[PDB]
Amino acid sequence: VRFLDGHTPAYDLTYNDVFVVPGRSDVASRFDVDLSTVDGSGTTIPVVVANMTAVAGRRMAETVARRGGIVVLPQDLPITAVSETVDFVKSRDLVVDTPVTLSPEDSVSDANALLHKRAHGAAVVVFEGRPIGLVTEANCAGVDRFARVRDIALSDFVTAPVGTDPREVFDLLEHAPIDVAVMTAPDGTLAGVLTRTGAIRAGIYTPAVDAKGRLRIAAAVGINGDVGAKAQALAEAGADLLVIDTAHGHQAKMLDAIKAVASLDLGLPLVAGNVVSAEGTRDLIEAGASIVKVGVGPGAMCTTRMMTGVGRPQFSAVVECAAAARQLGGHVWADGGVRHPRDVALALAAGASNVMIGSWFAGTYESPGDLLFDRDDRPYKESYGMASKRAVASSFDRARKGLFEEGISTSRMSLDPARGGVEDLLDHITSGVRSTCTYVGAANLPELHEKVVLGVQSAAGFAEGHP
Amino acid sequence: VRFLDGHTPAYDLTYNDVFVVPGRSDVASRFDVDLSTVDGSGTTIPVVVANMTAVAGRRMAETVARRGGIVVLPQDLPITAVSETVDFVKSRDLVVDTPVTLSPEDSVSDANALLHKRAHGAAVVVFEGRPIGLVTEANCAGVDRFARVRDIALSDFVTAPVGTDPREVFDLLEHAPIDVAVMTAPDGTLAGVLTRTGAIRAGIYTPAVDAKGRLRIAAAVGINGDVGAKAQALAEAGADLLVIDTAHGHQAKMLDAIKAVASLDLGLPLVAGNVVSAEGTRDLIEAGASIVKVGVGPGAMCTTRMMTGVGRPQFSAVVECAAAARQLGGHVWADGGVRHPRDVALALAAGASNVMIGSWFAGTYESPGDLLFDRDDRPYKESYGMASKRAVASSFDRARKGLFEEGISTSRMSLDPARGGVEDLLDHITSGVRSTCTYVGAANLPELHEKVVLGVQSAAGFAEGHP
Amino acid sequence: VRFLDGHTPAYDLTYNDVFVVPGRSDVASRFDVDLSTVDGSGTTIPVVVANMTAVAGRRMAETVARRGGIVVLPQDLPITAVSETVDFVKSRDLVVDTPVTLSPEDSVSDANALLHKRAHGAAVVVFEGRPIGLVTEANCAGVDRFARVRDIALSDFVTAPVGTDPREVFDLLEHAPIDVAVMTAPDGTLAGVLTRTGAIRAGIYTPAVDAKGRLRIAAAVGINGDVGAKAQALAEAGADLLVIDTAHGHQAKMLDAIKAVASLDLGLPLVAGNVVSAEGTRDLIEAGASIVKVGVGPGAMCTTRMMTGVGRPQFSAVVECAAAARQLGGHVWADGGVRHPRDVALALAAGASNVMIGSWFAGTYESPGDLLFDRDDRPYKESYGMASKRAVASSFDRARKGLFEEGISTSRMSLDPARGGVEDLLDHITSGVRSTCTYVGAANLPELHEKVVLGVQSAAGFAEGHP
Ligand SMILES: Nc1nc2c(ncn2[C@@H]2O[C@H](COP(=O)(O)O)[C@@H](O)[C@H]2O)c(=O)[nH]1
Ligand SMILES: Nc1nc2c(ncn2[C@@H]2O[C@H](COP(=O)(O)O)[C@@H](O)[C@H]2O)c(=O)[nH]1
Ligand SMILES: Nc1nc2c(ncn2[C@@H]2O[C@H](COP(=O)(O)O)[C@@H](O)[C@H]2O)c(=O)[nH]1
Ligand SMILES: Nc1nc2c(ncn2[C@@H]2O[C@H](COP(=O)(O)O)[C@@H](O)[C@H]2O)c(=O)[nH]1
Ligand SMILES: Nc1nc2c(ncn2[C@@H]2O[C@H](COP(=O)(O)O)[C@@H](O)[C@H]2O)c(=O)[nH]1
Ligand SMILES: Nc1nc2c(ncn2[C@@H]2O[C@H](COP(=O)(O)O)[C@@H](O)[C@H]2O)c(=O)[nH]1
């Protein structure tokens, strides 16, 4: 990667340690650059939700797939649930988001708890397949918590048939007091709910789809047990992308698993990780892997840095591994150490074809967790690490193995009081990345990597700018 | 008044010191009792807003008059403003509330500041006399504060012609996401805005009107200066009720002013105060006064208790003065010491034909004050005493008089975060009074006075019940 | 009632205002006095759980019935649920408490939430009707929240057949690390769980049973609607005691309802309330009521004192009504104003044949509510008032009635960090009452009423003693 004159430090670079120098730009606006990835995962944005049991669910899968990003299902899940989630995701409209369907016999407490499942801010009360009312935080408040939803003072909704251009739903909702609108099928049955900002995003973002035009989905597999059989079964379950994840991706078990999956000839791209060394990436590439995940330790849920001292500054690892993979022709997605959109922008700047966010999406409306409330009423959610789920494995043996196993770390990921949904944070990330391209002056991600000028940044440098 | 057996205390009774014992009741529901007053002020509810410069304005005047209560304009106001307010109030629809009219050239900051002028929670953007949009706290937030209101994302409103029964506006607004509705004149021009709870109140409350069917209004006059000329001028200005208010209503100046106003033969009922003694009430009645205001010191803005030790427990004073006036045939409105609806209920229980609330309405949306915000974002407003305005009066003389004048007391009257409007607190007061009648078993206020059973209550007794 | 020489106040007496002077005693120990009630409700202790939707459930019903107290089911409940609760209560062992039955397929989160349903502190994992393990707060902590209960490290339990005397289960559990013990049926199926303190209470308390030896239960009915049909249906549902409750028990609707129920000849004792006057009690007695509930306003969830000023100090009302009822031969249970066991002791001292606790049991493990946790981890629960459920009653009519309806008051009732169960607080109340009898020197409640010496107590007097 390009480096500024006189910048020869005797130290590695992390996201906390780097900045990009803007260059001569010909890109007029941020909308003139495309974020389509070259890695072959078929995501139009370089954002993938990590394989978290607390952050990767069907709601995030469908939402991010409609927004143009891949979602990797967490490992150690019964294949029945995997198939159910895949079928649910593949049966989603390409433009309209699936709302919170509410049966008339649901309680007010259940409706209130379900209202925060999505970022729309409203849930649809549907009877016999036809939407009959709308609920929100306003009408729900004050009424008895275990009363039925049939007397929650259903509000009026803007009804339009499926197929209208986003312009029509937008200006129809220009003066609507409620941001959401019920997208209705031609027969009158409810097909989904589309929002004002959703209408805006329908043109900016192009959903990531497979050859059959269905929302792409991914899943993660470990190394313990028969990796080949599990990978083949998940591939038949409908997963578009297969990911092999482990705490240490440079062990011989990783190489054996990658070799087995490559020999399976499943046809899906191969994803392995994580390694923070160039030699590990070359070994994984030679083992039959197309994609190499990088980063062990910088992960916000990773504890091994404090317990063992292992790890690496993320930015130097990602740039070195990306250079090695491009020398071997492979492609790399950065994983770990992501807390701000600048982290994502630098991760693509280092050369990564795609990015792995991780625990940041734990603070979303659609994450598969419980939105509990603190004293200050600030919404937030708890992010968990997998620990043994990314580690290679009788009651005696189980307890003996678990004694030395690192505990499941817990953090309080705060929700934005206004922009709490995954949609607007994704918008922020995409806007930051587009601004990075405009400052560099690149029309696409490969040009962003080629034409970037990269500097080293210290701790005192972050005092510059608004936090 | 009726007193419980064995209750012969050697001490006076205040609102803090009394309770009412329920008796045999024949009134089925609270809606079966009428709150029409006998005092002749023509108010269908026993609530009058005090003569506060910070609490008595045109908005409170019109709102409370439409709700069935009289409003007394504060003294020491230029008669031009008095006439303007009277003309504004007399030109108000009997059912629909006047909204916050917003010209399209107003700024976002002005719109936000005006939105809290009324309890509707929304303001009407009106162009060429026709309403074109609706604004609220939702669309106003986020947009630039000094941007025009023409790009504040006006919302849709429910439009109905003037004359529809409250049932029609109610069920038309049953499923409306916005509580307010634009009441439009037959020609298409805006006539007012009516709310869901306003539609509910349109049947429960009957507005207080004069012989010409216009919202009744009242004004206050002092004793300093020519009382007769000022009273005659305000009567010609359109004030329905004339009130003579002073700190001490038992002085000879009060008697002279009452005699002059009675000799004026203005035709309006005579109101004088305040006296906390029976002999003062008899003197005021003999001076030519029909109504005697009672209470000096219990007022939440009154300071004379702490400065001089003067005053009286309110409840004993009001009951004694009401008994004296009924013996002389006069009628009395209790003034001061009102903080809870139980205070109002006891004030009517003592025998008062009407009640004076005072500083409690300072914590309202419609009060003529500035709604400032604290750290906890709790809305509140400051209540001021008149001081010298209720006291009998060169730079030397002015400063010499002002040195000994009691300072303008200031208090922080908190707004209810949900029920901040004057409408819902008035509803609470009326519900409490109706519950008092139902517990007593009285069909009207005279029966409430006649059939009430009254007990004495100590400090430890208030620990009973939910605060 | 007996009154101390020179005690002729001109003021009523509440629980905050009274104390009992100990007299010449012949009762050696507290265990030598019996708390059997004379009112005919058949409760061996003078404690009844109020008709609260948040405090009266099947768990409280069975627990308090086994402890010797009646439980009144709240009104406005579908008779199907009433019949289900009655059948559940009547099918409870006379000595052993019903534990928290846990299926092996339950999650750790569900087990943790259910563990606080009872005061035992442990839940039984039962498979095919046979208990296979024990869970508590210790083994549940640390393990994954959505893991199955089959791998929660089930502990060992003390197994005994049903029929062993409490001595045997006590000394068998003398050195048991776990207080609870699984009471097993002779065939091996689980019949219940009995605790060490439960074994202790099995001799002190005698469960309240009907003629068929089944745990007695009670239910509450309002006055709106057909009172006779509802009362007859609940009587056929299996309710032992019928209670007619309303906000104002002196209205003509109350008299009509009592007359109808008395004419029904249902055979159950008649309970009506609440009235705080002797004349109301006489009217209710003449209407065909055997029991008169007393107290409106002192209730910790009652708001009418602050809204309307109505009410009465509880102690004077209860003593006067008890004297009137005993003159007419009727019996009275005090209701409202109960926060300490001294309140109960004085309520029986005033002459009440039984006591109504109310919101105090809202802070229990077995109350039908959600045990949420604060920052200080102190357990507590929210107590609600019925409001309109104790008041006499289209969308327009519904909303119009609800506008004037008093809001559902909410309070934070703190749980004792150690003695959080209903069992130990009931023990405290019974110990206080027994101590009161010992200080008076009475062998039973009628002797307690007859031989009591009663004094008046001020606010400064409560500073005596440990709070
Ligand atoms: N009634 C209802 N429940 C829903 C809906 N969407 C999600 N849920 C609830 O959420 C569960 C799945 O949570 P998730 O894995 O999507 O975060 C479902 O099993 C169901 O309980 C909906 O539209 N309606
Ligand atoms: N060793 C280890 N790595 C973890 C754990 N939880 C998450 N990670 C890693 O950290 C990444 C997420 O971190 P983030 O990108 O949110 O900072 C995951 O995708 C995974 O690679 C854990 O418990 N142990
Ligand atoms: N533009 C506008 N200002 C209003 C409206 N109602 C009240 N105001 C503002 O409030 C002032 C009077 O305040 P008030 O005495 O009613 O509390 C007016 O002079 C004006 O500045 C309205 O409908 N539109
Ligand atoms: N002496 C005196 N009385 C006041 C003052 N401000 C208000 N009051 C009295 O107190 C009443 C309002 O008190 P409130 O009814 O709110 O407790 C007024 O109507 C007036 O009679 C003041 O500054 N001085
Ligand atoms: N699995 C299980 N749930 C119980 C048990 N006891 C109570 N519950 C739960 O508590 C509900 C009733 O709550 P309650 O009305 O008893 O407070 C039941 O419907 C069930 O969900 C028990 O022994 N086992
Ligand atoms: N008027 C009224 N009384 C209530 C309300 N909630 C409870 N109560 C009364 O207060 C009693 C409980 O009060 P406690 O005995 O807990 O102080 C109830 O049994 C009932 O008589 C309410 O919302 N309104």
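Parameters at a glance
Sequence order as written determines residue numbers, which begin from 1 on each chain and need not coincide with the entry numbering; residues that lack coordinates are not included. Starting at A for chains and at 1 for ligands, labels are handed out in the order in which the entities are written. All values in this description refer to the chains shown, which are themselves only part of a larger assembly. For side-chain calculations, the full set of non-hydrogen atoms in the structure is used, while hydrogens and water are omitted. Here a helix means four or more residues in a row that DSSP labels H or I, a strand means two or more in a row labelled E, and each is numbered from the N terminus. Here the globule rule is a power law, 2.2 Å times the number of residues to the power 0.38, and the radius of gyration is based on C-alpha atoms. Buried means the residue's accessible area, taken with a 1.4 Å probe over protein chains only, is under 20% of the maximum for its type, while exposed means over 50%, and partly exposed covers the values in between. Areas reported here follow the Shrake-Rupley algorithm with a probe of radius 1.4 Å; residue values treat only the protein chains shown as occluding. In this count, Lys and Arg are taken as positive residues and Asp and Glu as negative ones, while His and the chain termini are left out. For charged residues, the charge sits on one atom: NZ in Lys, CZ in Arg, CG in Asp, CD in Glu. In this scheme, patches are assembled from residues that exceed 30% relative accessible area and form no salt bridge. Like charges are connected within 9 Å, while nonpolar side chains (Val, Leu, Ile, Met, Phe, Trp, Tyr) are connected within 5 Å. Should a side-chain nitrogen of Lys or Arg be within 4 Å of a carboxyl oxygen of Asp or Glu, the pair is scored as a salt bridge. UniProt positions are given in the numbering used here, feature names are shortened, and annotations may be inferred rather than shown by experiment. The rule for pairing is simple: two strands pair if DSSP sees at least two bridges between them. With its strands directed away from the observer, a crossover is right-handed exactly when the path from the first strand over the helix to the second travels clockwise. Axis definition: a line fit to C-alpha positions, over the contact stretch in the case of helices; interaxial angles, taken between N-to-C directions, run 0 to 180 degrees. Only buried residues count toward a nonpolar core, which is a set of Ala, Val, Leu, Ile, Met, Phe, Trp, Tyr and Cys residues joined through side-chain atoms within 4.5 Å. We call two residues contacting when some pair of their heavy atoms lies within 4.5 Å. A single heavy atom is enough: if one lies within 4 Å of a molecule or strand, its residue is considered near that molecule or strand. For the purposes of these results, a polar contact is taken to be a pair of N or O atoms within 3.5 Å, where, inside protein, one atom must be able to donate a hydrogen and its partner to accept one; residues adjacent in sequence count only when each atom of the pair is a side-chain atom. The classification used treats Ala, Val, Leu, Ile, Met, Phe, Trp, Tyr, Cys and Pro as nonpolar, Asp, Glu, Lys and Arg as charged, and all other residues, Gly among them, as polar. We call a pair of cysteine sulfur atoms a disulfide whenever their separation is within 2.5 Å. All copies sit on top of one another after a least-squares fit of their C-alpha atoms.

The deposited coordinates derive from cryo-EM, with the record listing a resolution of 3.85 Å.

Novice: Help me out: how do you make sense of the overall build of chain A in this one?
Specialist: Along its length, chain A carries 15 helices and 20 strands. For chain A, the C-alpha radius of gyration of 23 Å lies close to 23 Å, the compact-globule estimate for 467 residues. Seen through its C-alpha atoms, chain A measures out along the principal axes to roughly 65 × 65 × 45 Å. Looking at chain A as a whole, 52% of its 467 residues are labelled buried. Just so you have it, chain A exposes about 20600 Å², and 55% of that area is on carbon and sulfur atoms. Taking the 43 positively charged and 56 negatively charged side chains of chain A as two groups, their mean positions are separated by 2 Å.

Novice: Is there a simple way to explain a nonpolar patch on the surface in this structure?
Specialist: On the surface, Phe 31, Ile 200 and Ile 204 of chain A cluster together to form a nonpolar patch covering roughly 290 Å² of accessible area. On the basis of relative accessible area, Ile 204 of chain A is assigned to the partly exposed category, the value being 31%.

Novice: When you look at the UniProt feature "active site" in chain A in this model, what are you seeing that I'm missing?
Specialist: Per the UniProt record, "active site" is annotated on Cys 302 of chain A. The topology assignment puts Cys 302 of chain A in the loop between β14 (291-294) and α10 (304-308).

Novice: Quick question: what am I supposed to make of the sheet that holds strand β5 (residues 101-102) of chain A here?
Specialist: Neighbouring strands of a sheet are bound in pairs by backbone hydrogen bonds; such pairs are parallel or else antiparallel. Spatial strand order, β5-β6-β7 (chain A): 3 strands in an open sheet with mixed pairing. Both edges of this open sheet fall to β5 and β7 (130-135) of chain A, since each of them pairs with a single strand only.

Novice: I tried to follow the pairing of strand β14 (residues 291-294) of chain C on my own but got confused; where do I start?
Specialist: It is a general feature of regular strands that their side chains alternate between the two faces of the sheet. Residues and elements named next belong to chain C. Neither face of β14 is open: one carries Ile 291 and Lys 293, the other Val 292 and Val 294, and all of them are buried. Bridge count for strand β13 (residues 270-273) against β14 is 2 bridges, and the pairing is parallel. Looking at β14, one finds that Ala 272 is bridged to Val 292. Considered for its hand, the β-α-β crossover made up of β13, helix α9 (residues 278-286) and β14 is right-handed. Pairing analysis gives 4 bridges linking β14 to strand β15 (residues 331-335), with the strands arranged parallel. Looking at β15, one finds that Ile 291 is bridged to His 331.

Novice: I'm lost on the sheet that holds strand β10 (residues 190-195) of chain A in this one. Help?
Specialist: Residues and elements named next belong to chain A. As summarised here, the arrangement of the 3 strands in space is β8-β9-β10, forming an open sheet in which the pairing is mixed. With partners counted over all chains shown, the strands left at the sheet margins are β8 (159-161) and β10, one partner each. Sheet twist, expressed as the mean angle between neighbouring strand axes with direction ignored, is 35°. Two elements, strand β9 (residues 180-184) and β10, share 5 bridges in a ladder whose sense is antiparallel. If you follow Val 182 over to β10, its bridge partner there is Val 193.

Novice: Explain a positive patch on the surface to me, please; I cannot follow it from the model alone.
Specialist: Together, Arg 375 and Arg 412 of chain A together with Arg 375 and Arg 412 of chain C give the surface a local cluster of positive charge. Structurally, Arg 412 of chain A is set in strand β19 (residues 410-414).

Novice: Where do I start with the nonpolar core in this structure?
Specialist: Side chains of nonpolar character tend, in soluble globular proteins, to be buried together. By size, the foremost hydrophobic cluster in this structure holds 111 residues, and its most contacted members are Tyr 15, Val 55, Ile 244, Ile 258, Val 344, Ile 357 and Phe 361 of chain B. The element contributing the most residues to this core is helix α14 (residues 422-440) of chain B, with 8 residues. The residues contacting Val 55 of chain B, other than those within four sequence positions of it, are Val 49, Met 60, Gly 358, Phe 361, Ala 362, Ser 367 and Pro 368 of chain B. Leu 35, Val 82, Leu 346 and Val 355 of chain C belong to the second largest nonpolar core, which has 97 residues in total.

Novice: Looking at this model, I keep getting lost on the site of ligand 1. Mind explaining?
Specialist: Residue and element names in this part refer to chain A. Around ligand 1, the surrounding shell consists of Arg 58, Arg 59, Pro 99, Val 100, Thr 101, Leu 114 and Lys 117. The contact in question runs from a nitrogen atom of ligand 1 to an N or O atom on the backbone of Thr 101, over 2.4 Å. For ligand 1, whose free accessible area comes to 510 Å², the fraction covered by protein is 54%. Along the lines of polarity and charge, the residues of the shell around ligand 1 split into 3 nonpolar, 1 polar and 3 charged.

Novice: Whenever I open this one, the site of ligand 3 confuses me. Can you help?
Specialist: Residues and elements named next belong to chain B. Surveying the vicinity of ligand 3 reveals the residues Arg 58, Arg 59, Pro 99, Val 100, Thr 101, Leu 114 and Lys 117. Take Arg 59: an N or O atom from its side chain is 2.5 Å from an oxygen atom of ligand 3. Interatomic distance of 2.4 Å between a backbone N/O atom of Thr 101 and a nitrogen atom of ligand 3. Protein contact buries 55% of the 510 Å² of open area that ligand 3 shows by itself.

Novice: Sorry if this is basic, but what is going on with the state of the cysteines here?
Specialist: Formally, a disulfide is one covalent bond, and it connects the sulfur atom of one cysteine to the sulfur atom of another. Under the counting rule described, the total for this entry stands at 0 disulfides over all chains. Take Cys 321 of chain A: it sits in no disulfide, and the sulfur closest to it among the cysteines is that of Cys 302 of chain A, at 16 Å.

Novice: What's the story with the UniProt feature "domain: CBS" in chain A in this structure? I'm lost.
Specialist: All names here are of chain A. When the UniProt feature table is mapped onto this chain numbering, "domain: CBS" sits at residues 95-152 and 153-211. Secondary structure content for residues 95-152 is 21% helix and 22% strand, while the C-alpha to C-alpha distance between its ends is 29 Å. For residues 153-211, the end-to-end C-alpha separation is 44 Å, with 27% helix and 24% strand making up the annotated structure.

Novice: When you look at helix α12 (residues 341-350) of chain B in this model, what are you seeing that I'm missing?
Specialist: Helical periodicity: at 3.6 residues per turn, an α-helix aligns residues three or four positions apart in one direction. Residues and elements named next belong to chain B. With 10 of 10 residues buried, α12 is to be regarded as a mostly interior element. Every buried residue of α12 is listed here: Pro 341, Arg 342, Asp 343, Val 344, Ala 345, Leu 346, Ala 347, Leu 348, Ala 349 and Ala 350. Note on α12: the residue one or two positions beyond its end, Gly 351, has a positive phi of about 125°.

Novice: Quick question: what am I supposed to make of the environment of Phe 462 of chain B here?
Specialist: Its place among the elements puts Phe 462 of chain B in the segment after β20 (453-456). In contact with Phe 462 of chain B, other than residues within four places in its own chain, are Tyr 15, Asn 16, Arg 342 and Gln 457 of chain B together with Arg 305 of chain C.

Novice: When you look at the environment of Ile 45 of chain C in this model, what are you seeing that I'm missing?
Specialist: Residue and element names in this part refer to chain C. Checked against the element boundaries, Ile 45 lands in the loop between β2 (18-21) and β3 (48-49). Classification of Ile 45 as buried rests on a relative accessible area of 3%. Along the primary structure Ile 45 and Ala 138 are separated by 93 residues, whereas in three dimensions their C-alpha atoms are 35 Å apart. With residues near it in sequence (within four places) discarded, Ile 45 still touches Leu 35, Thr 37, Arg 67, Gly 68, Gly 69 and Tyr 205.

Novice: What is the right way to look at the relation of the copies chain A and chain C in this model?
Specialist: Each of the two chain copies can be generated from the other by rotation about an axis followed by a shift along it. The transformation that overlays chain A on chain C combines an axial shift of 0.1 Å with a rotation of 180°, and the residual RMSD is 0.0 Å. Considering both components of the superposition, the chain copies are consistent with a two-fold axis. The position closest to the rotation axis in chain A is occupied by the C-alpha of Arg 375 of chain A, lying 4.1 Å away. The residues that chain A uses at the interface reappear at the interface of chain C in 100% of cases, marking a shared surface.

Novice: What am I meant to see in helix α13 (residues 395-403) of chain B here?
Specialist: Counting buried residues in α13 of chain B gives 0 out of 9 residues, a small share hidden from the surface. Where α13 of chain B begins, one side-chain oxygen reaches toward the backbone nitrogen of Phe 396 of chain B, 3.3 Å away; that side chain belongs to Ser 394 of chain B.

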